[PDB]
There are 6 protein chains.
Amino acid sequence: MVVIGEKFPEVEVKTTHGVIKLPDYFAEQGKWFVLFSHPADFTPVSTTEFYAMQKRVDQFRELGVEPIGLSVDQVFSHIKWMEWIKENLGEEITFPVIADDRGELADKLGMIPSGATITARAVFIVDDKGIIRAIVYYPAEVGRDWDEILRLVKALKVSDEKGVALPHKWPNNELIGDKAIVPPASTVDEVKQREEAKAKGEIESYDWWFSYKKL
Amino acid sequence: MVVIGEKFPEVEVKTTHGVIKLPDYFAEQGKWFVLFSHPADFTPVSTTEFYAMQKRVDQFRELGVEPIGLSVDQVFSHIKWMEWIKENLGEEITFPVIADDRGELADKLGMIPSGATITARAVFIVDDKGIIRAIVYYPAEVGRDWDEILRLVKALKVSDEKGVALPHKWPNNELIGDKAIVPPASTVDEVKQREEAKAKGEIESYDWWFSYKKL
Amino acid sequence: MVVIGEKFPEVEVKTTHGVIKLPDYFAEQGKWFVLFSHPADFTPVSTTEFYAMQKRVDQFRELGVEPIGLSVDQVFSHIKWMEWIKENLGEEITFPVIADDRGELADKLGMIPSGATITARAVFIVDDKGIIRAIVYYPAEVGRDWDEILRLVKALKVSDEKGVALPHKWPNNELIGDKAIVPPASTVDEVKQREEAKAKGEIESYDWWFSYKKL
Amino acid sequence: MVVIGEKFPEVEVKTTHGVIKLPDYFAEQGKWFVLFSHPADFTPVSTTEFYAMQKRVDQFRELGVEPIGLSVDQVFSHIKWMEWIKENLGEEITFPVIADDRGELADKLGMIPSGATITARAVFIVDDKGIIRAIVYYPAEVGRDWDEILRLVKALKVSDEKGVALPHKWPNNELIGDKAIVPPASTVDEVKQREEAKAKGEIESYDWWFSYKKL
Amino acid sequence: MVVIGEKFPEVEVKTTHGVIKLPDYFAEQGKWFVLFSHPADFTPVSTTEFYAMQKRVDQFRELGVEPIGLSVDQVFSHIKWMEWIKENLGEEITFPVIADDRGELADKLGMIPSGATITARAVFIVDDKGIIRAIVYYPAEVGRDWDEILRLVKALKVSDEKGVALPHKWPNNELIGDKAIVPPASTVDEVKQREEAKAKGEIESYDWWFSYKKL
Amino acid sequence: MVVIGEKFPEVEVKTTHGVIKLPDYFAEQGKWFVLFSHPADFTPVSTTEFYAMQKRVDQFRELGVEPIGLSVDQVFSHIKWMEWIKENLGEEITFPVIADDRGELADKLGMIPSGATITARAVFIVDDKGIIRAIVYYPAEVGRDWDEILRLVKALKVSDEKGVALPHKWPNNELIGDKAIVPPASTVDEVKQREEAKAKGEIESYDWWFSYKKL
């Protein structure tokens with residue numbers, strides 16, 4: 001078990017691209033990662049999820065975000081199942097995938113549902129400081145929407161680079177579209193600052209605690 | 001903390017619509033529920049997420065899913081913040097909100113990030129049996145997309161009703177759009193029973209372990 | 001729990017004027033403070049109590065006494081509720097207010113009535129040596145009279161500066177008005193002194209143990 | 001020690017009017033009581049506070065509130081000190097006084113300041129159920145104003161009788177004089193029920209959470 | 001609890017002549033003391049006992065013996081009760097009196113009868129080496145005879161200065177008046193000495209173990 | 001050890017008049033007793049104190065008080081020492097004497113001075129209930145005055161019989177000679193009942209707390 005804000009546990013993992021250390025192997029290059037588990041090789045929802053992830057991989061990579069899978073299966077199945085996707089949907093898998101033996105890493109991370117020994121569908125966003133920024137736990141029976149995660153990481157990068165909070169559904173927020181939110185003033189002094197920034201056209205606002213601006 | 005497939009803890013909560021017991025009050029009625037926490041009242045990303053949720057309340061309610069929020073503030077602030085949404089954005093909020101004192105329920109469900117004392121942005125999908133079906137943990141700095149949750153509850157009701165699994169991004173899957181997946185065969189017998197079904201026109205398939213159908 | 005004569009527990013607090021350390025932040029400037037709690041933001045007796053306190057703040061400040069509020073609510077509510085007072089009673093709140101998360105400070109100090117998780121109406125007078133000089137615990141259902149406290153601190157300052165005790169209701173004592181009391185002689189020697197001070201017009205007296213004088 | 005809303009401990013006390021059991025002796029009769037301690041007999045501030053209390057005894061008694069004092073002296077000194085008040089200030093004292101040996105009751109109620117062995121100046125308001133309704137701890141050097149206590153018992157009887165709360169400084173509140181406050185609404189339903197009541201002329205209000213009325 | 005021959009416990013005491021240390025304050029000046037307790041101020045047998053002690057104080061002082069009282073009462077009562085004696089029997093009290101709070105010293109010394117919290121009437125003779133030489137415990141209901149104690153201390157001083165034992169009722173012994181007793185011979189050698197002292201007119205004797213002489 | 005108002009321990013003692021059980025043997029008959037220890041037989045101060053006691057035996061016996069002595073010697077020495085008193089001073093001793101082996105009873109009653117193994121000179125007054133009424137501890141070097149003990153038992157019988165207290169040096173008190181004191185009033189009611197009694201001629205008084213009368 002884990003929470004948002006913790007550092008990703010240091011671990012060695014056997015993958016399809018060889019043995020690597022987490023978080024370090026991504027963090028040391030300044031890259032983030034999205035860790036996602038699925039129940040098993042040669043299962044149907046997962047195949048749809050992998051194929052969707054490969055079709056999206058460069059969008060993640062472009063952002064300095066590396067996708068990486070996990071199941072409790074051995075590497076030979078991982079590779080045979082990647083080959084099936086390449087041969088039947090004509091999409092080569094180029095992100096690496098963890099052969100988490102005996103759910104060792106799955107367990108440290110809370111990936112295994114009640115009563116099971118296999119993982120469901122989990123997603124961890126780990127930044128390049130190795131900090132877990134967000135977590136998703138979806139059941140076997142429901143496939144993910146990778147676009148939500150792409151949106152999530154994008155919002156996370158922008159939060160970081162510009163010191164802002166993103167609103168519901170950004171960049172299509174109902175009320176303010178792709179404008180970003182200013183952290184609410186938490187003191188009377190910070191309320192003074194907001195008032196000033198507004199009365200000189202630097203932010204818009206519905207109120208002192210609710211300020212926003214174009215990026 | 002909690003893991004998927006566990007039971008929602010029995011608990012009385014003070015809400016803006018009175019004291020209720022969870023899961024019971026919803027379960028007793030056969031309603032499911034989506035519990036979401038946010039950090040505090042009169043904060044901005046939250047405001048956008050509440051507005052968006054209210055604009056979606058009936059799309060949940062039509063399904064027999066009730067929304068219900070949470071923050072560590074007191075009910076007097078909840079209602080005044082609700083009234084600010086009504087007066088300034090012209091949406092009355094008609095789902096209840098838990099005033100979780102001292103972060104009590106928050107803690108049991110592990111809603112509190114590393115080093116925090118208030119919640120971030122968690123979602124819990126709880127069915128009519130009181131079973132946790134899926135869990136999301138978003139940080140304060142990124143707002144949620146409620147449309148993925150609607151997608152998700154919708155996928156889950158359909159899985160339960162039709163005995164099926166749902167592909168990546170269903171009902172708009174890249175490979176099979178709004179077709180449902182059949183639980184992979186897991187015995188040699190069940191493979192026999194897929195092959196019968198295919199040549200027989202009852203299901204389409206990519207392989208014995210990848211069979212799907214229109215609903 | 002605490003008693004008169006103890007030092008105020010050293011604590012960091014998040015307020016509306018930022019994070020400060022108690023007692024130090026007031027003590028280091030030679031200032032005293034009056035710490036007062038109330039149950040919640042956007043509650044009625046408290047609003048009357050805050051408005052009365054702001055209308056009195058300069059009387060406290062003049063004496064080197066800084067008022068400071070507390071409730072278990074987050075700073076965003078504190079500030080939104082101060083704004084309501086400014087807008088509806090035209091009185092800006094200029095004393096700071098503590099967002100005591102999870103009643104942490106409330107508990108150290110015994111502010112939380114039997115069975116509750118929120119504070120009632122408590123008042124601590126802490127001097128500039130950080131010593132608690134007096135304590136009041138009033139229930140939710142009864143509002144304070146700030147004039148009694150103003151009277152109290154004034155009497156306390158004068159006790160300190162002139163080495164005297166003040167009588168019932170000073171400066172309108174029934175029997176001696178705004179005259180102050182001399183500490184009763186506690187030895188036969190100190191009785192000699194009183195006798196002398198009287199038989200040369202320096203104090204008045206009903207008896208050797210009951211001596212008083214104009215200030 | 002003790003906190004508001006706890007029950008007065010069952011205890012036999014030797015007083016100047018005999019042995020009685022608290023709270024019972026008052027509670028059995030439906031009388032409330034105000035217990036106040038002072039440091040010692042034949043001390044000056046105390047003398048002024050006793051005189052003042054006697055001059056107020058009937059204003060308490062008319063309400064069904066009985067005054068009763070305490071110090072760690074013995075009953076022989078209490079009565080002689082009482083007689084000094086009668087002979088020198090022309091008030092007989094007609095409330096009883098506890099000779100609390102070895103500071104016993106004093107201790108349970110935490111009447112004893114840091115480093116002291118005798119009491120300072122505490123007041124306890126105890127209703128007819130035996131419940132501590134409010135507590136004051138004044139130091140030896142400052143005498144009390146009994147008029148605030150009369151105000152306070154008076155506010156408390158009225159709260160109990162009329163189901164209401166009382167504002168800052170009631171019956172002379174800066175905003176509503178001697179009007180009583182209605183318990184803020186704490187559910188969306190109760191807000192409905194305030195708005196009905198207002199337009200309907202049953203209560204006046206500043207806001208749904210701030211409603212008041214003439215008694 | 002204590003016995004004859006023990007050193008008086010080192011203790012600080014608050015008295016009517018100020019705070020002093022026992023035994024030291026008397027011992028360091030070579031003075032003995034008679035410590036006597038009584039139950040309470042403004043009680044009748046005690047008043048008779050104090051008045052008798054003041055009328056005798058110079059007889060004690062002359063011998064280098066300082067009288068000193070104790071009760072569990074505060075110093076203000078001690079002094080007010082001394083004033084009553086001065087005003088109604090015209091005898092100023094000039095020995096000091098201990099305000100033994102909470103029977104602290106009373107208890108170390110066994111002064112408190114079975115079932116009580118107050119002292120009865122006890123007397124300790126402490127010499128200038130701080131040694132307890134004799135102890136009397138009289139009940140509340142019976143007043144002392146100070147002449148017996150005066151006789152006792154006198155006999156004790158003489159025992160010390162001349163190396164002798166005093167007989168029953170000395171200086172009015174039935175058999176030998178104000179003659180003193182020689183310590184009985186405890187060896188055959190010491191019997192030889194007695195025989196010689198007699199057969200040269202230095203002691204009188206009824207027997208070798210029973211020898212006496214004029215002082 | 002023991003304190004006043006405790007019960008004499010049940011104990012069988014070998015005496016010069018046989019084996020008896022204390023307190024019973026005296027109590028069973030309604031007789032009180034005065035127990036006195038002395039250091040040893042054939043010692044001088046003791047001899048004088050025995051002679052004096054015998055000369056007083058009937059003055060005790062007339063009152064229903066039986067004298068009874070103690071030392072750590074054996075009964076053969078007691079009787080021979082008794083016979084020395086008869087032959088040399090012409091008084092037969094007619095009270096019994098305890099041969100307390102190994103200082104056993106001596107120890108329970110704390111008769112043994114610091115560093116000693118034999119008794120000094122203790123007196124215990126024990127009533128017919130078996131209650132220790134007063135205790136004296138005189139050292140070996142000073143003999144007792146039996147006349148104070150006669151005074152004392154006499155005061156105690158009278159206290160018990162007439163419900164009163166006895167003043168300093170009664171029956172020859174400096175202020176009221178052989179008048180008895182009335183238990184001070186300890187309630188406001190009992191003060192009323194003193195004042196009635198005085199003006200009414202039933203008691204004389206110096207003050208309400210100092211009332212006395214002829215028997």
# chains A, B, ... in the order shown; residues from 1 in each chain; ligands from 1
>>> select_by_dssp(residues="region 54-149 of chain A", states="strand (DSSP E)", output="list in words")
residues 65, 66, 67, 68, 69, 70, 71, 97, 98, 99, 121, 122, 123, 124, 125, 126, 132, 133, 134, 135, 136, 137 and 138 of chain A
>>> residues_around(residues="residue 9 (chain C)", least_positions_apart="5", cutoff="9 Å", atoms="only C-alpha atoms", output="list in words")
residues 22, 23, 105, 108, 109 and 130 of chain C
>>> write_last_selection(atoms="N, CA, C and O atoms", output="PDB file, in the first residue's frame")
ATOM      1  N   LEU C  22       3.488  30.280  18.485  1.00  0.00           N
ATOM      2  CA  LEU C  22       2.997  30.805  19.745  1.00  0.00           C
ATOM      3  C   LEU C  22       3.790  30.123  20.845  1.00  0.00           C
ATOM      4  O   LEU C  22       4.153  28.944  20.695  1.00  0.00           O
ATOM      5  N   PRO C  23       4.072  30.833  21.951  1.00  0.00           N
ATOM      6  CA  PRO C  23       3.728  32.226  22.251  1.00  0.00           C
ATOM      7  C   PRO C  23       4.610  33.225  21.521  1.00  0.00           C
ATOM      8  O   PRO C  23       4.225  34.374  21.371  1.00  0.00           O
ATOM      9  N   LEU C 105      -4.569  22.007  18.469  1.00  0.00           N
ATOM     10  CA  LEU C 105      -4.334  22.993  19.529  1.00  0.00           C
ATOM     11  C   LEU C 105      -5.491  23.076  20.535  1.00  0.00           C
ATOM     12  O   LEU C 105      -5.269  23.220  21.740  1.00  0.00           O
ATOM     13  N   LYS C 108      -4.856  20.089  23.201  1.00  0.00           N
ATOM     14  CA  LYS C 108      -3.821  20.483  24.159  1.00  0.00           C
ATOM     15  C   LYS C 108      -4.383  21.434  25.222  1.00  0.00           C
ATOM     16  O   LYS C 108      -3.992  21.339  26.397  1.00  0.00           O
ATOM     17  N   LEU C 109      -5.294  22.333  24.808  1.00  0.00           N
ATOM     18  CA  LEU C 109      -5.800  23.407  25.652  1.00  0.00           C
ATOM     19  C   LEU C 109      -7.203  23.167  26.257  1.00  0.00           C
ATOM     20  O   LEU C 109      -7.741  24.044  26.897  1.00  0.00           O
ATOM     21  N   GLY C 130       4.674  34.636  28.007  1.00  0.00           N
ATOM     22  CA  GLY C 130       4.026  33.404  27.600  1.00  0.00           C
ATOM     23  C   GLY C 130       3.261  32.688  28.712  1.00  0.00           C
ATOM     24  O   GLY C 130       2.934  31.516  28.552  1.00  0.00           O
TER      25      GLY C 130
END
>>> residues_around(residues="residue 207 (chain F)", least_positions_apart="6", cutoff="10 Å", atoms="only C-alpha atoms", output="ChimeraX atom specification")
/E:42,44,88 /F:184,191,194-195,198
>>> closest_residue(among="E:170, E:26, E:32, E:124", to="residue 146 (chain F)", atoms="only C-alpha atoms")
E:170
>>> closest_atom_pairs(of="chain C", to="chain D", cutoff="6 Å", atoms="only C-alpha atoms", output="CSV")
residue,atom,partner,partner_atom,distance
C:3,CA,D:113,CA,5.7
C:4,CA,D:113,CA,5.0
C:5,CA,D:114,CA,4.7
C:6,CA,D:114,CA,5.8
C:44,CA,D:210,CA,5.0
C:45,CA,D:167,CA,4.8
C:48,CA,D:168,CA,5.4
C:49,CA,D:168,CA,5.0
C:113,CA,D:4,CA,5.1
C:114,CA,D:5,CA,5.2
C:134,CA,D:138,CA,5.1
C:135,CA,D:137,CA,5.1
C:136,CA,D:136,CA,4.8
C:137,CA,D:135,CA,5.2
C:138,CA,D:134,CA,5.0
C:141,CA,D:165,CA,4.5
C:142,CA,D:166,CA,5.2
C:143,CA,D:168,CA,4.4
C:144,CA,D:168,CA,5.2
C:145,CA,D:169,CA,4.6
C:165,CA,D:141,CA,4.4
C:166,CA,D:142,CA,5.2
C:167,CA,D:45,CA,4.8
C:168,CA,D:143,CA,4.5
C:169,CA,D:145,CA,4.6
C:210,CA,D:44,CA,4.9
>>> residues_around(residues="region 71-82 of chain C", least_positions_apart="6", cutoff="8 Å", atoms="only C-alpha atoms", output="number ranges by chain")
A: 185-188, 209; B: 40-43, 73-74, 77; C: 14-16, 37-42, 92-93, 97-103, 118-119
>>> atom_distance(atom1="CA of residue 125 (chain C)", atom2="CA of residue 63 (chain C)")
13.0 Å
>>> decode(residues="region 196-215 of chain D", atoms="N, CA, C and O atoms", output="PDB file, in the first residue's frame")
ATOM      1  N   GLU D 196     -38.769  29.776   4.680  1.00  0.00           N
ATOM      2  CA  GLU D 196     -40.206  29.773   4.939  1.00  0.00           C
ATOM      3  C   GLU D 196     -40.479  30.729   6.073  1.00  0.00           C
ATOM      4  O   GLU D 196     -41.189  31.703   5.885  1.00  0.00           O
ATOM      5  N   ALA D 197     -39.885  30.455   7.237  1.00  0.00           N
ATOM      6  CA  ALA D 197     -40.082  31.246   8.437  1.00  0.00           C
ATOM      7  C   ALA D 197     -39.873  32.765   8.270  1.00  0.00           C
ATOM      8  O   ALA D 197     -40.605  33.546   8.895  1.00  0.00           O
ATOM      9  N   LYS D 198     -38.887  33.180   7.450  1.00  0.00           N
ATOM     10  CA  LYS D 198     -38.531  34.594   7.312  1.00  0.00           C
ATOM     11  C   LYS D 198     -39.628  35.339   6.578  1.00  0.00           C
ATOM     12  O   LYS D 198     -40.312  36.177   7.161  1.00  0.00           O
ATOM     13  N   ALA D 199     -39.751  35.068   5.285  1.00  0.00           N
ATOM     14  CA  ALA D 199     -40.881  35.537   4.499  1.00  0.00           C
ATOM     15  C   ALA D 199     -42.102  34.681   4.970  1.00  0.00           C
ATOM     16  O   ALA D 199     -42.270  33.536   4.525  1.00  0.00           O
ATOM     17  N   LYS D 200     -42.913  35.269   5.870  1.00  0.00           N
ATOM     18  CA  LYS D 200     -43.776  34.578   6.868  1.00  0.00           C
ATOM     19  C   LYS D 200     -43.708  35.231   8.260  1.00  0.00           C
ATOM     20  O   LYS D 200     -44.540  34.927   9.152  1.00  0.00           O
ATOM     21  N   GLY D 201     -42.673  36.066   8.445  1.00  0.00           N
ATOM     22  CA  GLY D 201     -42.560  37.021   9.551  1.00  0.00           C
ATOM     23  C   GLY D 201     -42.276  36.439  10.917  1.00  0.00           C
ATOM     24  O   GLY D 201     -42.397  37.149  11.907  1.00  0.00           O
ATOM     25  N   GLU D 202     -41.889  35.155  10.980  1.00  0.00           N
ATOM     26  CA  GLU D 202     -41.652  34.414  12.255  1.00  0.00           C
ATOM     27  C   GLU D 202     -40.277  34.631  12.875  1.00  0.00           C
ATOM     28  O   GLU D 202     -40.088  34.415  14.088  1.00  0.00           O
ATOM     29  N   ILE D 203     -39.330  35.042  12.025  1.00  0.00           N
ATOM     30  CA  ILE D 203     -37.949  35.326  12.401  1.00  0.00           C
ATOM     31  C   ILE D 203     -37.413  36.404  11.474  1.00  0.00           C
ATOM     32  O   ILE D 203     -37.837  36.554  10.321  1.00  0.00           O
ATOM     33  N   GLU D 204     -36.445  37.141  11.968  1.00  0.00           N
ATOM     34  CA  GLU D 204     -35.719  38.041  11.121  1.00  0.00           C
ATOM     35  C   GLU D 204     -34.408  37.329  10.803  1.00  0.00           C
ATOM     36  O   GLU D 204     -34.034  36.365  11.473  1.00  0.00           O
ATOM     37  N   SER D 205     -33.716  37.758   9.767  1.00  0.00           N
ATOM     38  CA  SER D 205     -32.457  37.115   9.474  1.00  0.00           C
ATOM     39  C   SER D 205     -31.494  38.045   8.768  1.00  0.00           C
ATOM     40  O   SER D 205     -31.921  38.937   8.053  1.00  0.00           O
ATOM     41  N   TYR D 206     -30.191  37.829   8.956  1.00  0.00           N
ATOM     42  CA  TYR D 206     -29.201  38.440   8.084  1.00  0.00           C
ATOM     43  C   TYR D 206     -28.922  37.527   6.896  1.00  0.00           C
ATOM     44  O   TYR D 206     -28.598  37.987   5.811  1.00  0.00           O
ATOM     45  N   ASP D 207     -29.034  36.222   7.124  1.00  0.00           N
ATOM     46  CA  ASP D 207     -28.701  35.183   6.120  1.00  0.00           C
ATOM     47  C   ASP D 207     -29.396  33.883   6.596  1.00  0.00           C
ATOM     48  O   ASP D 207     -29.898  33.859   7.701  1.00  0.00           O
ATOM     49  N   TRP D 208     -29.429  32.811   5.811  1.00  0.00           N
ATOM     50  CA  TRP D 208     -30.088  31.563   6.308  1.00  0.00           C
ATOM     51  C   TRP D 208     -29.449  31.009   7.612  1.00  0.00           C
ATOM     52  O   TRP D 208     -30.125  30.358   8.441  1.00  0.00           O
ATOM     53  N   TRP D 209     -28.142  31.263   7.793  1.00  0.00           N
ATOM     54  CA  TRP D 209     -27.454  30.743   8.960  1.00  0.00           C
ATOM     55  C   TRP D 209     -27.459  31.706  10.118  1.00  0.00           C
ATOM     56  O   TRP D 209     -27.126  31.347  11.210  1.00  0.00           O
ATOM     57  N   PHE D 210     -27.969  32.904   9.882  1.00  0.00           N
ATOM     58  CA  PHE D 210     -28.046  33.977  10.896  1.00  0.00           C
ATOM     59  C   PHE D 210     -29.499  34.536  11.049  1.00  0.00           C
ATOM     60  O   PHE D 210     -29.873  35.570  10.500  1.00  0.00           O
ATOM     61  N   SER D 211     -30.311  33.827  11.818  1.00  0.00           N
ATOM     62  CA  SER D 211     -31.709  34.149  11.983  1.00  0.00           C
ATOM     63  C   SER D 211     -31.904  34.457  13.431  1.00  0.00           C
ATOM     64  O   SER D 211     -31.297  33.827  14.282  1.00  0.00           O
ATOM     65  N   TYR D 212     -32.749  35.426  13.740  1.00  0.00           N
ATOM     66  CA  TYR D 212     -32.970  35.744  15.149  1.00  0.00           C
ATOM     67  C   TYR D 212     -34.425  36.122  15.401  1.00  0.00           C
ATOM     68  O   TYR D 212     -35.169  36.332  14.457  1.00  0.00           O
ATOM     69  N   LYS D 213     -34.821  36.241  16.657  1.00  0.00           N
ATOM     70  CA  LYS D 213     -36.171  36.725  16.964  1.00  0.00           C
ATOM     71  C   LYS D 213     -36.311  37.355  18.370  1.00  0.00           C
ATOM     72  O   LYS D 213     -35.568  37.030  19.284  1.00  0.00           O
ATOM     73  N   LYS D 214     -37.254  38.279  18.512  1.00  0.00           N
ATOM     74  CA  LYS D 214     -37.727  38.724  19.823  1.00  0.00           C
ATOM     75  C   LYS D 214     -38.290  37.489  20.568  1.00  0.00           C
ATOM     76  O   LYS D 214     -38.851  36.582  19.930  1.00  0.00           O
ATOM     77  N   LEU D 215     -38.136  37.413  21.891  1.00  0.00           N
ATOM     78  CA  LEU D 215     -38.715  36.267  22.626  1.00  0.00           C
ATOM     79  C   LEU D 215     -40.243  36.336  22.784  1.00  0.00           C
ATOM     80  O   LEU D 215     -40.745  37.130  23.580  1.00  0.00           O
TER      81      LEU D 215
END
